[PDB]
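Trainee: My structure is stored as run_38.cif, with mmCIF, C-alpha atoms and all ligand atoms.
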```
data_target
#
loop_
_atom_site.label_atom_id
_atom_site.label_comp_id
_atom_site.auth_asym_id
_atom_site.auth_seq_id
_atom_site.Cartn_x
_atom_site.Cartn_y
_atom_site.Cartn_z
CA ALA Z 1 157.01 75.44 169.74
CA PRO Z 2 159.94 77.65 168.55
CA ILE Z 3 163.61 76.80 169.10
CA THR Z 4 164.75 78.40 172.36
CA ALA Z 5 167.95 77.63 174.30
CA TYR Z 6 169.68 78.47 177.55
CA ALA Z 7 173.23 78.03 178.79
CA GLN Z 8 174.67 77.12 182.19
CA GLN Z 9 178.31 77.07 183.24
CA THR Z 10 178.92 74.03 185.39
CA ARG Z 11 182.59 74.45 185.91
CA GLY Z 12 185.37 76.98 186.18
CA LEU Z 13 188.96 77.38 184.96
CA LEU Z 14 190.68 75.54 187.83
CA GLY Z 15 188.11 72.76 188.18
CA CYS Z 16 188.40 72.27 184.43
CA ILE Z 17 192.21 71.88 184.51
CA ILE Z 18 192.12 69.34 187.36
CA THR Z 19 189.37 67.41 185.55
CA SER Z 20 191.33 67.44 182.31
CA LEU Z 21 194.35 65.86 184.02
CA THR Z 22 192.31 63.64 186.31
CA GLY Z 23 189.94 62.56 183.53
CA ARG Z 24 187.27 61.97 186.14
CA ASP Z 25 184.27 64.29 186.07
CA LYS Z 26 181.66 63.65 188.73
CA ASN Z 27 179.37 66.54 187.70
CA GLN Z 28 175.84 65.74 186.55
CA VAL Z 29 175.07 66.20 182.88
CA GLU Z 30 171.97 67.66 181.28
CA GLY Z 31 171.20 69.02 177.85
CA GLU Z 32 171.61 68.25 174.17
CA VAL Z 33 174.77 70.32 173.62
CA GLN Z 34 177.79 70.32 175.95
CA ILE Z 35 180.16 73.26 176.31
CA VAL Z 36 183.54 71.63 176.08
CA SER Z 37 187.18 72.56 176.71
CA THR Z 38 190.71 71.28 176.40
CA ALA Z 39 193.71 73.06 177.91
CA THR Z 40 194.05 74.92 174.62
CA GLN Z 41 190.48 75.78 173.56
CA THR Z 42 186.75 75.74 174.27
CA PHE Z 43 184.04 74.76 171.81
CA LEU Z 44 180.85 72.67 171.61
CA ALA Z 45 179.77 69.02 171.37
CA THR Z 46 176.33 67.88 170.29
CA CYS Z 47 174.59 64.68 171.36
CA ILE Z 48 172.79 63.10 168.40
CA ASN Z 49 171.28 59.63 168.64
CA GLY Z 50 173.18 58.65 171.75
CA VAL Z 51 176.58 59.87 170.63
CA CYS Z 52 178.29 63.06 171.76
CA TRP Z 53 179.79 64.45 168.53
CA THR Z 54 182.25 67.24 168.15
CA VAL Z 55 184.71 68.77 165.75
CA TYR Z 56 188.02 66.89 165.30
CA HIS Z 57 189.85 70.22 164.96
CA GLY Z 58 188.95 70.88 168.57
CA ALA Z 59 188.99 67.48 170.24
CA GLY Z 60 191.76 65.73 168.34
CA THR Z 61 191.80 62.15 169.60
CA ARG Z 62 191.47 63.06 173.28
CA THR Z 63 189.35 61.12 175.72
CA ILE Z 64 186.38 62.77 177.43
CA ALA Z 65 186.40 63.05 181.21
CA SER Z 66 183.54 61.13 182.81
CA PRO Z 67 182.52 59.93 186.32
CA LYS Z 68 184.31 56.68 185.58
CA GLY Z 69 187.51 58.27 184.28
CA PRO Z 70 188.54 59.10 180.68
CA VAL Z 71 186.44 57.69 177.88
CA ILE Z 72 188.00 56.82 174.54
CA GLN Z 73 186.35 58.13 171.37
CA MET Z 74 183.87 55.88 169.62
CA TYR Z 75 184.45 57.44 166.23
CA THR Z 76 187.31 59.48 164.83
CA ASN Z 77 187.43 60.74 161.28
CA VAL Z 78 190.09 63.29 160.54
CA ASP Z 79 188.70 63.62 157.02
CA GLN Z 80 185.13 64.23 158.15
CA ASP Z 81 186.61 66.40 160.91
CA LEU Z 82 184.49 64.46 163.40
CA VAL Z 83 185.02 62.59 166.68
CA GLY Z 84 182.29 61.02 168.79
CA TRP Z 85 182.16 59.63 172.35
CA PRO Z 86 179.26 57.76 173.95
CA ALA Z 87 176.80 60.44 175.08
CA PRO Z 88 177.26 61.21 178.78
CA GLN Z 89 174.67 59.77 181.12
CA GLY Z 90 172.24 62.62 181.74
CA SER Z 91 172.44 64.22 178.30
CA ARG Z 92 169.53 64.20 175.84
CA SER Z 93 170.09 63.47 172.18
CA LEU Z 94 168.81 65.26 169.11
CA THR Z 95 167.64 63.14 166.17
CA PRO Z 96 168.62 63.82 162.55
CA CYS Z 97 166.37 65.94 160.31
CA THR Z 98 163.89 64.21 158.02
CA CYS Z 99 162.11 67.07 156.24
CA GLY Z 100 164.75 68.38 153.85
CA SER Z 101 164.26 71.96 155.03
CA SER Z 102 166.65 74.62 153.81
CA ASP Z 103 165.97 77.01 156.68
CA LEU Z 104 168.40 76.08 159.43
CA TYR Z 105 169.06 77.61 162.83
CA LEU Z 106 172.56 77.60 164.32
CA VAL Z 107 172.70 77.37 168.13
CA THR Z 108 175.74 79.25 169.50
CA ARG Z 109 177.70 78.68 172.73
CA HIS Z 110 175.85 81.67 174.17
CA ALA Z 111 172.58 79.85 173.57
CA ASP Z 112 171.50 82.16 170.76
CA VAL Z 113 169.85 80.56 167.77
CA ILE Z 114 170.63 82.36 164.52
CA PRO Z 115 168.95 81.72 161.16
CA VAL Z 116 170.99 80.46 158.20
CA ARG Z 117 169.73 79.58 154.70
CA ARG Z 118 171.03 76.30 153.28
CA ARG Z 119 173.04 76.84 150.07
CA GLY Z 120 174.44 73.35 149.58
CA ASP Z 121 174.89 70.13 151.53
CA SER Z 122 177.64 71.74 153.61
CA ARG Z 123 176.89 75.47 153.58
CA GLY Z 124 174.34 78.06 154.60
CA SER Z 125 174.30 81.85 154.82
CA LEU Z 126 173.44 83.97 157.84
CA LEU Z 127 170.31 86.01 157.17
CA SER Z 128 171.93 88.49 159.54
CA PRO Z 129 175.79 88.43 159.61
CA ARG Z 130 177.56 88.67 162.92
CA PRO Z 131 181.16 89.41 163.97
CA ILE Z 132 183.40 86.34 163.71
CA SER Z 133 184.06 86.79 167.45
CA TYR Z 134 180.42 86.03 168.14
CA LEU Z 135 180.70 82.67 166.40
CA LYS Z 136 183.99 81.72 168.07
CA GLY Z 137 183.61 78.85 170.48
CA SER Z 138 180.64 77.37 168.65
CA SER Z 139 182.40 74.70 166.52
CA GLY Z 140 180.64 71.40 167.07
CA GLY Z 141 177.36 73.20 167.76
CA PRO Z 142 174.14 72.07 166.05
CA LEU Z 143 172.40 73.43 162.94
CA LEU Z 144 168.71 72.70 163.49
CA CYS Z 145 165.83 72.53 161.00
CA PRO Z 146 162.51 74.24 161.97
CA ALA Z 147 161.52 71.11 163.88
CA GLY Z 148 164.59 71.05 166.16
CA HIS Z 149 166.35 68.20 164.46
CA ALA Z 150 170.02 68.04 163.73
CA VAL Z 151 170.95 68.91 160.15
CA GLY Z 152 174.64 69.52 160.79
CA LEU Z 153 177.43 70.58 163.16
CA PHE Z 154 178.97 74.07 162.75
CA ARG Z 155 182.57 73.78 161.50
CA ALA Z 156 183.90 76.99 159.96
CA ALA Z 157 182.78 80.50 159.11
CA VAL Z 158 182.99 82.30 155.77
CA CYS Z 159 183.91 85.81 156.82
CA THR Z 160 185.55 88.96 155.50
CA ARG Z 161 186.73 92.09 157.29
CA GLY Z 162 185.96 90.13 160.44
CA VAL Z 163 182.29 89.59 159.63
CA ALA Z 164 180.87 86.14 158.94
CA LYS Z 165 178.15 85.92 156.36
CA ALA Z 166 178.12 82.16 155.83
CA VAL Z 167 178.95 78.97 157.68
CA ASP Z 168 180.46 75.66 156.69
CA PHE Z 169 179.01 72.68 158.49
CA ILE Z 170 179.22 68.90 158.72
CA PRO Z 171 175.88 67.41 157.49
CA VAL Z 172 174.47 64.56 159.64
CA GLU Z 173 174.94 62.24 156.67
CA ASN Z 174 178.68 62.35 157.30
CA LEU Z 175 177.94 61.17 160.84
CA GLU Z 176 176.18 58.01 159.68
CA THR Z 177 179.02 57.46 157.21
CA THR Z 178 181.64 57.93 159.91
CA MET Z 179 179.84 55.43 162.14
CA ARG Z 180 179.99 52.75 159.49
CA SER Z 181 183.65 53.67 158.93
CA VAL C 1 167.22 83.97 185.63
CA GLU C 2 165.92 86.95 183.63
CA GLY C 3 162.62 87.11 181.76
CA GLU C 4 161.79 88.45 178.28
CA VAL C 5 158.08 88.69 179.05
CA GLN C 6 156.70 90.54 182.07
CA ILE C 7 153.24 89.70 183.34
CA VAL C 8 151.88 93.13 184.20
CA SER C 9 148.76 94.48 185.87
CA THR C 10 146.88 97.73 186.10
CA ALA C 11 143.86 98.48 188.33
CA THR C 12 141.43 97.54 185.56
CA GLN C 13 143.15 94.46 184.11
CA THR C 14 146.27 92.33 183.75
CA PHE C 15 148.15 91.66 180.51
CA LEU C 16 151.73 91.19 179.22
CA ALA C 17 154.77 93.23 178.17
CA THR C 18 157.73 92.08 176.04
CA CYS C 19 161.28 93.41 176.15
CA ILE C 20 162.74 93.96 172.69
CA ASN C 21 165.84 96.00 171.93
CA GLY C 22 166.12 97.22 175.51
CA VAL C 23 162.54 98.51 175.63
CA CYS C 24 159.66 96.89 177.50
CA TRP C 25 156.77 97.06 175.02
CA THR C 26 153.04 96.53 175.61
CA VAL C 27 149.62 97.58 174.33
CA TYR C 28 148.31 101.14 174.77
CA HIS C 29 144.83 99.73 175.33
CA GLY C 30 146.16 98.16 178.51
CA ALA C 31 148.68 100.67 179.85
CA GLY C 32 147.51 103.82 178.14
CA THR C 33 150.02 106.50 179.08
CA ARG C 34 150.41 104.99 182.53
CA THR C 35 153.84 104.92 184.09
CA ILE C 36 155.66 101.71 185.14
CA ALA C 37 156.51 100.84 188.76
CA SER C 38 160.15 100.55 189.89
CA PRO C 39 162.12 100.41 193.20
CA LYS C 40 163.09 104.03 192.59
CA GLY C 41 159.60 105.13 191.64
CA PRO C 42 157.37 105.42 188.56
CA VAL C 43 159.31 105.50 185.30
CA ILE C 44 157.55 107.07 182.33
CA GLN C 45 157.06 105.67 178.86
CA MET C 46 159.82 106.30 176.35
CA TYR C 47 157.40 105.81 173.46
CA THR C 48 153.61 106.09 173.28
CA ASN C 49 151.92 105.30 169.98
CA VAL C 50 148.17 105.37 170.35
CA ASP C 51 147.74 104.71 166.64
CA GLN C 52 149.70 101.47 166.66
CA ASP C 53 148.35 100.61 170.15
CA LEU C 54 152.04 100.61 171.15
CA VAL C 55 153.71 101.97 174.32
CA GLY C 56 157.19 101.31 175.66
CA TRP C 57 159.16 102.04 178.84
CA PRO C 58 162.86 101.28 179.31
CA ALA C 59 163.33 97.59 180.17
CA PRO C 60 162.79 96.76 183.87
CA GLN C 61 164.98 94.74 186.23
CA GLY C 62 165.13 90.95 186.04
CA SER C 63 164.41 91.23 182.33
CA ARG C 64 166.28 90.38 179.14
CA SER C 65 165.60 91.46 175.57
CA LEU C 66 164.21 89.46 172.71
CA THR C 67 165.80 89.57 169.25
CA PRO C 68 163.74 90.70 166.26
CA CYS C 69 163.02 88.15 163.53
CA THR C 70 165.20 88.22 160.40
CA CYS C 71 164.25 84.89 158.79
CA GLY C 72 160.85 86.05 157.56
CA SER C 73 159.21 82.76 158.57
CA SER C 74 155.41 82.69 158.73
CA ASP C 75 155.23 79.81 161.18
CA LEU C 76 154.66 81.96 164.24
CA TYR C 77 154.16 80.98 167.88
CA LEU C 78 152.23 83.06 170.36
CA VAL C 79 153.17 82.80 174.07
CA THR C 80 150.39 83.40 176.61
CA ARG C 81 150.38 84.79 180.15
CA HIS C 82 150.35 81.19 181.36
CA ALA C 83 153.46 80.44 179.31
CA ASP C 84 151.36 78.40 176.85
CA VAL C 85 152.69 78.37 173.28
CA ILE C 86 150.15 78.56 170.44
CA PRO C 87 151.19 77.80 166.83
CA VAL C 88 150.03 80.55 164.48
CA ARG C 89 150.26 80.72 160.70
CA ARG C 90 150.99 84.23 159.48
CA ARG C 91 148.28 85.50 157.15
CA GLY C 92 149.58 89.05 156.73
CA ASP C 93 151.58 91.98 158.08
CA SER C 94 149.57 92.04 161.26
CA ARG C 95 147.42 88.95 161.05
CA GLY C 96 147.83 85.27 161.84
CA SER C 97 145.65 82.19 162.25
CA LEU C 98 145.78 79.69 165.12
CA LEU C 99 146.53 76.24 163.80
CA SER C 100 143.97 75.12 166.39
CA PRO C 101 141.41 77.72 167.52
CA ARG C 102 141.00 78.10 171.27
CA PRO C 103 138.39 79.77 173.49
CA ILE C 104 139.01 83.50 173.99
CA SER C 105 139.60 82.66 177.65
CA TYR C 106 142.78 80.81 176.68
CA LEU C 107 144.22 83.91 174.97
CA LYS C 108 142.86 86.30 177.59
CA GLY C 109 145.36 88.50 179.41
CA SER C 110 148.07 87.85 176.83
CA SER C 111 148.04 91.13 174.92
CA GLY C 112 151.51 92.61 174.81
CA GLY C 113 152.97 89.10 174.70
CA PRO C 114 155.32 88.06 171.86
CA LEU C 115 154.65 86.46 168.47
CA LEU C 116 157.77 84.30 167.94
CA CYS C 117 159.24 82.68 164.84
CA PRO C 118 160.94 79.19 164.68
CA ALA C 119 164.16 80.68 166.12
CA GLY C 120 162.36 82.16 169.11
CA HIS C 121 162.96 85.70 167.74
CA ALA C 122 160.26 88.40 168.04
CA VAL C 123 158.02 88.75 164.98
CA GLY C 124 155.41 90.98 166.59
CA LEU C 125 153.57 91.96 169.73
CA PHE C 126 150.15 90.36 170.32
CA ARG C 127 147.62 93.20 169.72
CA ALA C 128 144.21 91.49 170.04
CA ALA C 129 142.47 88.17 169.40
CA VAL C 130 140.07 87.78 166.45
CA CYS C 131 137.32 85.45 167.64
CA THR C 132 134.10 84.15 166.15
CA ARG C 133 131.52 83.52 168.85
CA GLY C 134 133.98 83.07 171.71
CA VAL C 135 136.55 80.96 169.88
CA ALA C 136 139.70 82.77 168.85
CA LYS C 137 140.79 81.56 165.43
CA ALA C 138 143.13 84.44 164.65
CA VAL C 139 145.23 87.20 166.21
CA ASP C 140 146.03 90.80 165.40
CA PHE C 141 149.66 91.88 166.06
CA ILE C 142 152.12 94.79 165.88
CA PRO C 143 155.11 93.73 163.72
CA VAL C 144 158.59 94.24 165.21
CA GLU C 145 159.32 96.64 162.38
CA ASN C 146 156.83 99.10 163.91
CA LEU C 147 158.74 98.87 167.17
CA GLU C 148 162.08 99.21 165.35
CA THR C 149 160.68 102.26 163.57
CA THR C 150 159.02 103.86 166.60
CA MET C 151 162.29 103.75 168.55
CA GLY K 1 147.51 104.28 188.64
CA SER K 2 150.78 102.62 187.60
CA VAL K 3 151.63 99.47 185.67
CA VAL K 4 153.24 96.97 188.05
CA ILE K 5 155.08 93.77 187.14
CA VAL K 6 153.42 90.81 188.79
CA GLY K 7 155.50 88.03 187.28
CA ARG K 8 157.98 87.09 184.59
CA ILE K 9 158.25 84.48 181.86
CA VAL K 10 161.57 83.05 180.63
CA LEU K 11 161.13 81.74 177.09
CA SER K 12 163.84 79.07 177.29
CA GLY K 13 162.44 77.62 180.49
CA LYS K 14 165.75 78.28 182.21
CA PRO K 15 165.74 77.19 185.88
CA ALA K 16 169.25 78.34 186.87
CA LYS H 1 197.02 64.89 176.24
CA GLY H 2 194.43 65.88 178.81
CA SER H 3 190.80 64.85 178.50
CA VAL H 4 188.16 67.10 176.95
CA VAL H 5 186.09 68.46 179.84
CA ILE H 6 182.46 69.52 179.97
CA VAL H 7 182.47 73.08 181.39
CA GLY H 8 178.82 73.91 180.70
CA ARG H 9 175.69 72.91 178.79
CA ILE H 10 173.15 74.44 176.43
CA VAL H 11 169.56 73.28 176.84
CA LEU H 12 167.13 73.19 173.93
CA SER H 13 164.40 71.11 175.55
CA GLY H 14 163.20 73.98 177.74
CA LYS H 15 159.73 75.44 177.21
CA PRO H 16 158.53 78.94 178.21
CA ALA H 17 158.04 79.20 181.95
CA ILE H 18 156.82 81.68 184.53
CA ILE H 19 159.82 82.39 186.74
CA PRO H 20 158.92 81.15 190.28
CA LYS H 21 158.66 83.70 193.06
CA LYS H 22 161.29 82.44 195.45
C1 LIG Z 201 185.68 76.19 154.79
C2 LIG Z 201 185.68 77.69 154.50
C3 LIG Z 201 184.42 78.32 155.02
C4 LIG Z 201 186.92 78.37 155.10
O1 LIG Z 201 186.80 79.20 156.27
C5 LIG Z 201 187.56 79.14 157.29
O2 LIG Z 201 188.49 78.32 157.35
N1 LIG Z 201 187.29 80.00 158.27
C6 LIG Z 201 187.92 79.91 159.59
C7 LIG Z 201 187.30 78.81 160.43
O3 LIG Z 201 186.10 78.84 160.69
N2 LIG Z 201 188.13 77.88 160.88
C8 LIG Z 201 187.67 76.77 161.71
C9 LIG Z 201 188.68 75.63 161.70
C10 LIG Z 201 188.88 75.13 160.28
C11 LIG Z 201 188.98 73.62 160.09
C12 LIG Z 201 187.72 74.38 159.63
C13 LIG Z 201 187.45 77.25 163.13
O4 LIG Z 201 188.36 77.79 163.76
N3 LIG Z 201 186.23 77.04 163.64
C14 LIG Z 201 185.88 77.46 165.00
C15 LIG Z 201 184.76 78.51 164.95
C16 LIG Z 201 185.27 79.88 164.42
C17 LIG Z 201 184.89 80.33 162.99
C18 LIG Z 201 184.30 81.05 164.21
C19 LIG Z 201 185.50 76.29 165.92
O5 LIG Z 201 186.43 75.23 165.77
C20 LIG Z 201 185.62 76.83 167.34
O6 LIG Z 201 184.70 77.45 167.87
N4 LIG Z 201 186.77 76.59 167.96
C21 LIG Z 201 187.01 76.92 169.35
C22 LIG Z 201 187.44 78.34 169.59
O7 LIG Z 201 187.37 79.21 168.72
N5 LIG Z 201 187.86 78.58 170.83
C23 LIG Z 201 188.34 79.87 171.29
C24 LIG Z 201 189.17 79.60 172.55
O8 LIG Z 201 188.96 78.58 173.23
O9 LIG Z 201 190.05 80.38 172.90
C25 LIG Z 201 187.33 80.95 171.59
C26 LIG Z 201 186.17 80.66 172.32
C27 LIG Z 201 185.28 81.64 172.64
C28 LIG Z 201 185.54 82.94 172.22
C29 LIG Z 201 186.69 83.24 171.49
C30 LIG Z 201 187.60 82.25 171.17
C31 LIG Z 201 187.76 81.21 160.36
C32 LIG Z 201 188.42 81.11 161.74
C33 LIG Z 201 188.33 82.40 162.54
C34 LIG Z 201 188.93 83.56 161.75
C35 LIG Z 201 188.28 83.69 160.37
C36 LIG Z 201 188.38 82.38 159.61
ZN ZN Z 202 163.59 68.44 159.93
ZN ZN Z 203 163.03 84.43 162.57
#
```
Rewrite the structure of this file - the entire thing - as structure tokens.
Ligand SMILES: CC(C)COC(=O)N[C@H](C(=O)N[C@@H](CC1CC1)C(=O)N[C@@H](CC1CC1)C(=O)C(=O)NCC(=O)N[C@H](C(=O)O)c1ccccc1)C1CCCCC1
Ligand SMILES: [Zn+2]
Ligand SMILES: [Zn+2]
Mentor:
Amino acid sequence: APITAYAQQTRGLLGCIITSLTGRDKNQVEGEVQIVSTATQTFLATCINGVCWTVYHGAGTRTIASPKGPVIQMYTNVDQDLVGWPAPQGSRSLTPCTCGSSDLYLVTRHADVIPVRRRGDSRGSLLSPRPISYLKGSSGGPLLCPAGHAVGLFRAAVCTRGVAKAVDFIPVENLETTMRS
Amino acid sequence: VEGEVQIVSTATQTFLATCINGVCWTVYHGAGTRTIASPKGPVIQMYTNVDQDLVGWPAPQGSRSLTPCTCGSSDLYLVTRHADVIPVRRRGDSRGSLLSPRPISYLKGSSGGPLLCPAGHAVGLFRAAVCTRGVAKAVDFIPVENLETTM
Amino acid sequence: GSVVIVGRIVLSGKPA
Amino acid sequence: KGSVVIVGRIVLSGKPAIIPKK
């Protein structure tokens, strides 16, 4: 089967603000990737092997709102630009890639999967460039190999004149390293 | 929810249609030059290409368009009228081989359906099944480029 | 005759 | 600071489906 994805908004602006302050989210969770927000920005978080990982430049050291109140981060690595919380009950985790493929597929916050060709352990190029605005909000999103396994988490875009042609990502290897750190 | 693939029917038979780039495409051998039904009345084809066995009307309601493939992958996936996915290895411009041959019945009524790549993007439109004695082992398809060109 | 839509397929399996 | 809040989800585990007539 091919990689297909769909998105669902489970909460609005005002419910989000209350939940941020409250720290208690009673909503049911589903999916591998969570659309996430702070009072300042919205991005993505990917559940891999039981841990909900996201980009440190988006989450900082914040707790994640859960049905039992705020949950402290399990891993924080400013250097790796990673933070991880226990995956929410209801989410499904992706498993790391084990095929060394160089044809990755970035899943965006709009649930579009775009092809990128690996050009190093932390970079790949879009086979079809898109406006930087189209990639905004996708930090922390997954880069999948042809089998649907996590190869990395989108971090930054290499763009010019407002068009991104490449993407910088955090390889899963840095996740395992961060866990033992 | 909106669909990319419409399960269509004509008096003679039923088959599929796939929305790509705002156009609902299907096979001429199924629709011919027939018009498509709508709440406002029959809407005519925007493109009719008897040669390529390709016809297209503007995308209907409750539909959403599929993105053309740009990764050149040859690990294709055919989707049937029953929503079954069938792995297909691309043999050429308009040819592909099932990784596991199935009876023609299994691929029956799926013409017009999409031939997807690993990213779920449209590679081609299922033209016809190539079967040896009732078992389809391959498929014939219209590449998205033909659609891109035709429009 | 006219081609009529008798059903739809969502590739992502979206329930919504 | 406030907690990070889940405002949506993206599902990859979905397979093609015939949209139910409801
Ligand atoms: C490493 C090398 C490739 C250098 O490149 C860059 O630093 N590129 C920047 C970059 O990608 N920076 C990273 C951060 C630095 C530390 C690595 C970033 O912002 N990443 C974003 C994704 C951006 C590139 C497309 C990611 O953190 C993210 O999605 N953040 C949330 C966000 O953008 N929220 C917005 C918001 O909440 O308001 C938003 C949401 C949806 C729509 C628009 C805007 C680009 C930012 C946008 C302008 C062009 C430059
Ligand atoms: Zn893999
Ligand atoms: Zn492709």
Trainee: In Å to one decimal, how far is atom CA of residue C:46 from atom CA of residue C:22?
Mentor: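 One can read the atom CA of residue C:22 to atom CA of residue C:46 distance as 11.1 Å.
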Trainee: Starting from the point (183.7, 72.3, 182.4), work out which residues of protein, DNA or RNA have an atom no more than 12 Å away when counting all atoms listed in the file; state them as a count of residues only.
Mentor: 40
Trainee: Would you list which chain H residues are within 9 Å of chain C using only C-alpha atoms, as a PyMOL selection string?
Mentor: chain H and resi 15-19
Trainee: When the cut-off is 9 Å and you count all atoms listed in the file, which residues lie near ligand ZN 202 (chain Z), shown as a PyMOL selection string?
Mentor: chain Z and resi 96-101+144-151
Trainee: Could you please extract the residues within 8 Å of ligand LIG 201 (chain Z), counting all atoms listed in the file, and hand them back as a short mmCIF file (atom, residue, chain, number, x, y, z; two decimals) with C-alpha atoms, in the frame of the given file?
Mentor:
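For reference, result-v5.cif as written:
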```
data_model
loop_
_atom_site.label_atom_id
_atom_site.label_comp_id
_atom_site.auth_asym_id
_atom_site.auth_seq_id
_atom_site.Cartn_x
_atom_site.Cartn_y
_atom_site.Cartn_z
CA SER Z 37 187.18 72.56 176.71
CA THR Z 40 194.05 74.92 174.62
CA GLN Z 41 190.48 75.78 173.56
CA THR Z 42 186.75 75.74 174.27
CA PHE Z 43 184.04 74.76 171.81
CA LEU Z 44 180.85 72.67 171.61
CA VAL Z 55 184.71 68.77 165.75
CA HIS Z 57 189.85 70.22 164.96
CA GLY Z 58 188.95 70.88 168.57
CA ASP Z 81 186.61 66.40 160.91
CA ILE Z 132 183.40 86.34 163.71
CA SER Z 133 184.06 86.79 167.45
CA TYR Z 134 180.42 86.03 168.14
CA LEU Z 135 180.70 82.67 166.40
CA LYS Z 136 183.99 81.72 168.07
CA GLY Z 137 183.61 78.85 170.48
CA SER Z 138 180.64 77.37 168.65
CA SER Z 139 182.40 74.70 166.52
CA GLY Z 140 180.64 71.40 167.07
CA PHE Z 154 178.97 74.07 162.75
CA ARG Z 155 182.57 73.78 161.50
CA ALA Z 156 183.90 76.99 159.96
CA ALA Z 157 182.78 80.50 159.11
CA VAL Z 158 182.99 82.30 155.77
CA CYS Z 159 183.91 85.81 156.82
CA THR Z 160 185.55 88.96 155.50
CA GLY Z 162 185.96 90.13 160.44
CA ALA Z 164 180.87 86.14 158.94
CA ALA Z 166 178.12 82.16 155.83
CA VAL Z 167 178.95 78.97 157.68
CA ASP Z 168 180.46 75.66 156.69
#
```
Trainee: Taking only C-alpha atoms and all ligand atoms into account, list the residues no farther than 9 Å from ligand ZN 203 (chain Z), as an MDAnalysis selection string.
Mentor: (chainID Z and resid 114:115) or (chainID C and resid 67:74 76 116:123)
Trainee: Between Z:94, Z:87, Z:71, Z:111, which residue has the minimum interatomic distance to chain K, considering only C-alpha atoms?
Mentor: Z:111
Trainee: Could you write out as an mmCIF file with C-alpha atoms, keeping the file's coordinate frame the residues of chain K within 6 Å of chain C, counting only C-alpha atoms?
Mentor:
```
data_model
loop_
_atom_site.group_PDB
_atom_site.id
_atom_site.type_symbol
_atom_site.label_atom_id
_atom_site.label_comp_id
_atom_site.auth_asym_id
_atom_site.auth_seq_id
_atom_site.Cartn_x
_atom_site.Cartn_y
_atom_site.Cartn_z
ATOM 1 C CA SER K 2 150.780 102.620 187.600
ATOM 2 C CA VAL K 3 151.630 99.470 185.670
ATOM 3 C CA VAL K 4 153.240 96.970 188.050
ATOM 4 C CA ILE K 5 155.080 93.770 187.140
ATOM 5 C CA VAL K 6 153.420 90.810 188.790
ATOM 6 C CA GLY K 7 155.500 88.030 187.280
ATOM 7 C CA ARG K 8 157.980 87.090 184.590
ATOM 8 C CA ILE K 9 158.250 84.480 181.860
ATOM 9 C CA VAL K 10 161.570 83.050 180.630
#
```
Trainee: Enter the distance from atom CA of residue Z:62 to atom CA of residue Z:90, in Å, rounded to one decimal.
Mentor: 21.0 Å
Trainee: Please check the contacts: residues of chain K at most 10 Å away from chain Z, using only C-alpha atoms, listed as a PyMOL selection string.
Mentor: chain K and resi 10-16
Trainee: Quick one, how far is atom CA of residue C:92 from atom CA of residue C:53?
Mentor: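 Going from atom CA of residue C:92 over to atom CA of residue C:53, I get 17.8 Å.
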Trainee: I'd like to know which of Z:86, Z:50, Z:124, Z:141 is closest to chain H, using only C-alpha atoms.
Mentor: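 Among the listed residues, Z:141 lies closest to chain H.
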Trainee: Show me as number ranges by chain the residues that reach within 12 Å of (153.4, 99.3, 170.7), counting only C-alpha atoms and using the file's own coordinates.
Mentor: C: 16-20, 23-33, 45-57, 111-114, 124-127, 141-151
